[PDB]
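Inspection log for the structure reproduced underneath, given as C-alpha cells.
FYI, it's all coordinate maths here, none of it is from the lab. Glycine gets a Cβ as well: all are built from the backbone with ideal geometry, and neighbour counts include every protein chain shown.
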Number of protein chains: 2
Amino acid sequence: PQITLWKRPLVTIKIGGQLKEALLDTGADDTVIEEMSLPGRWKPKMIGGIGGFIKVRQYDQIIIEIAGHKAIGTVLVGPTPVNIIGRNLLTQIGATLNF
Amino acid sequence: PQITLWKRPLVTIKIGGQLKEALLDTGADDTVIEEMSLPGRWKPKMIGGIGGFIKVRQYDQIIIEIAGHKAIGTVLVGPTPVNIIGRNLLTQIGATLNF
Ligand SMILES: CC(C)CN(C[C@@H](O)[C@H](Cc1ccccc1)NC(=O)O[C@H]1[C@H]2CO[C@H]3OC[C@@H]1[C@H]3C2)S(=O)(=O)c1ccc(B(O)O)cc1
Ligand SMILES: [Cl-]
Ligand SMILES: [Cl-]
Ligand SMILES: [Cl-]
Ligand SMILES: [Cl-]
Ligand code: NA
C-alpha cells in the first residue's frame, strides 16, 4: 500500500495469536509494545523518548505480522502510551518514505 | 526521493532563518523542535510520548523548508531530545509510507 499521513498510520498487527493496533513509526528505531506475555527470555533496555526514559523488556526473534506482512524480530515490551512499529520491523516489511 | 529505513530518516530543514537536522517522523502528529525563538504569538501546550509529558510553545503559521520543500503549519518548541517533523508538515510535502 501507499499510506498518506492525513491520519495516524495505524495498522493491525498480530503477535501471540492476538490482534492489536499499532502505529507505523519512522521516528522509532525499535518496536515498542504495551505490556503482554511473550515466550522465552528477555534482556533489559532503557529507552528514551520525548518525556524521558522507560525500562522495557527486550524479546528477540518474535513472530509478528504487520498489516498482513510476516516479520520475525525484536520486540520491546513496556509502559509505552501507544504500540509503535519501528524501523527494525518496517525494514522487514519493505517500507520506505516517499515524496 | 525514496528514503529507505535502514538508518534514521534525517533531513536538513530551514526554520526561523536557521538550519537544523530533523527526523521525518510518521509517529508524530505534530512537528516538535528544540528550543529556539520564532516570531509571532504562541500558546502553551503539554505533549506526551515515551517517558511522559513536556511543556512546549505552540506557534501557528510557521514556514519551514524540509529537504528543499516549503510548507507552512504549526511548530511546537520545547525540550525535545530530537527535532521531529510530524504529520502536520509531512502531508504538505506529499510524503507517503510505501510497502
Ligand atoms: C511515541 C510516539 C507515539 C510519539 N512520538 C514520536 C516518535 O516517533 C518518537 C520520536 C522521538 C525520537 C527520539 C527521541 C524522542 C522522540 N520516537 C520515540 O520515542 O522513539 C524512541 C524509542 C524507539 O526506539 C528508539 O528510537 C528512538 C527512541 C528509542 C526508544 S513523540 O515524539 O513522543 C511525540 C508525541 C507527541 C507529539 B504531538 O502531540 O504532536 C509529537 C511527537
Ligand atoms: Cl529486529
Ligand atoms: Cl541511524
Ligand atoms: Cl498545522
Ligand atoms: Cl495527498
Ligand atoms: Na504565528
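Observations on the structure shown:
- Screening the candidates A:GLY94, A:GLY17 for the property of being out of contact with any strand residue (DSSP E or B) (no Cβ under 8 Å at 6 or more places or on another chain) and at positive phi yields one hit, A:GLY17.
- Among residues of the range B:69-87, those that are more than 10 Å from every other protein chain (Cβ to nearest Cβ) and not in a strand (DSSP E or B), counted: 1
- In the range A:34-67, the residues that are among the β-branched types (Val, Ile, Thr) and within 13 Å of ligand 2 (Cβ to nearest atom): A:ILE62, A:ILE63, A:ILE64, A:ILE66
- Within the range B:88-99, the residues that satisfy the criterion of being within 9 Å of chain A (Cβ to nearest Cβ) and either in a strand (DSSP E or B) or crowded, with 23+ Cβ neighbours inside 10 Å (or both) are B:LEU90, B:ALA95, B:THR96, B:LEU97, B:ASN98.
- If the condition is being more than 19 Å from B:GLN92 (Cα to Cα) and within 16 Å of ligand 4 (Cβ to nearest atom), then the range B:16-70 contributes B:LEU38, B:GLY40, B:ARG41, B:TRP42, B:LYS43, B:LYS45, B:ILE47, B:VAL56, B:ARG57.
So that you can scan it fast, the table gives a plain yes or no per residue for (1) surrounded by fewer than 20 Cβ atoms within 10 Å (Cβ to Cβ); (2) under 14 Å from A:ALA28 (Cα atoms); (3) of a type outside the set (D, E, K, R):
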| site | (1), (2), (3) |
| --- | --- |
| B:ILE3 | yes, no, yes |
| B:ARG8 | yes, yes, no |
| B:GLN18 | yes, no, yes |
| B:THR26 | no, yes, yes |
| B:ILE33 | no, no, yes |
| B:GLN58 | yes, no, yes |
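- Answer residue from the range B:1-22, given it is in contact with a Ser or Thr (Cβ under 8 Å, 6 or more places away or on another chain) and under 17 Å from B:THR96 (Cβ atoms) and is farthest from ligand 2 (Cβ to nearest atom) among those: B:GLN2
- Residue list for the range A:68-87, filter: touching a residue at least 12 places away in the same chain (Cβ under 8 Å), surrounded by fewer than 17 Cβ atoms within 10 Å (Cβ to Cβ) and within 16 Å of ligand 2 (Cβ to nearest atom): A:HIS69, A:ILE72
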